[PDB]
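These notes concern the structure reproduced below.
No lab work stands behind these numbers, since they all come straight from the coordinates. Please note: Cβ atoms are built from the backbone with ideal geometry, for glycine as well, and neighbour counts cover all protein chains shown.
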Amino acid sequence: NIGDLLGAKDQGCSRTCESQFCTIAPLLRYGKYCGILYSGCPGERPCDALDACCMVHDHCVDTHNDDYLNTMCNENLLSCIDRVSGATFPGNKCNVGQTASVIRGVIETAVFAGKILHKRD
Ligand SMILES: [Ca+2]
């Protein structure tokens with residue numbers, strides 16, 4: 001793994017509310033937790049409702065042997081995303097609705113991929 005070159009719990013993590021590549025799924029960084037291989041430092045409070053959904057998911061994957069295809073983790077995220085509301089963080093350069101839909105797309109695909117691998121195994 002590329003992460004084996006690096007390099008702790010309170011390191012390699014975010015303490016700041018990002019809003020970068022709002023519509024590009026592989027590069028998206030939103031809040032402290034929303035984004036692939038992008039997560040907040042231990043104890044860091046999420047930046048809004050959407051970021052809070054991603055925080056739960058990130059921890060869910062971590063506590064299930066890094067299984068990013070875990071169906072529970074992914075289905076719970078879908079449910080959370082559909083119910084996102086309230087103020088977002090000051091200085092958020094992303095559209096909440098648009099970014100949530102971009103994430104939802106990836107997670108729908110993750111749910112299917114997980115289900116496929118279990119229906120065979
Ligand atoms: Ca993340």
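Quick look at the numbers
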{"quantity": "Qualifying position, being small (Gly, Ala, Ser) and either over 20 Å from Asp48 (Cβ atoms) or buried (at least 16 other Cβ atoms within 10 Å of the Cβ) (or both), among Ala87, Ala110", "calculated": "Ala110"}
{"quantity": "Selected residue [among the small types (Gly, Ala, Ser), loosely packed, with under 15 Cβ neighbours inside 10 Å and more than 14 Å from the ligand (Cβ to nearest atom)] from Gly12, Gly43", "calculated": "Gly43"}
{"quantity": "Residues of the stretch 17-33 that turn out to be within 14 Å of the ligand (Cβ to nearest atom) and either among the hydrophobic types (A, V, I, L, M, F, W, C) or surrounded by fewer than 17 Cβ atoms within 10 Å (Cβ to Cβ) (or both), as a count", "calculated": "7"}
{"quantity": "Which listed residue, of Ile36, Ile103, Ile107, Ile81, is within 12 Å of the ligand (Cβ to nearest atom) and touching a helix residue (DSSP H, G or I) at 6+ places or on another chain (Cβ under 6 Å)", "calculated": "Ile107"}
{"quantity": "Which numbered condition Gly86 misses (of (1) more than 27 Å from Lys115 (Cβ to Cβ); (2) within 16 Å of the ligand (Cβ to nearest atom))", "calculated": "(2)"}
{"quantity": "Selection count, the stretch 65-95, where residues are more than 15 Å from the chain's Cα centre (by Cα) and more than 19 Å from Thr23 (Cβ to Cβ)", "calculated": "6"}
{"quantity": "Candidate set from the stretch 57-71 (those that are within 24 Å of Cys94 (Cα to Cα) and crowded, with 16+ Cβ neighbours inside 10 Å); member that is nearest to the ligand (Cβ to nearest atom)", "calculated": "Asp58"}
{"quantity": "Pair list, Cβ < 9 Å and 6+ apart or interchain, from the stretch 95-121 residues that are acidic (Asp, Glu) to residues that are part of a helix (DSSP H, G or I)", "calculated": "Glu108/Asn74; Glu108/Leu78"}
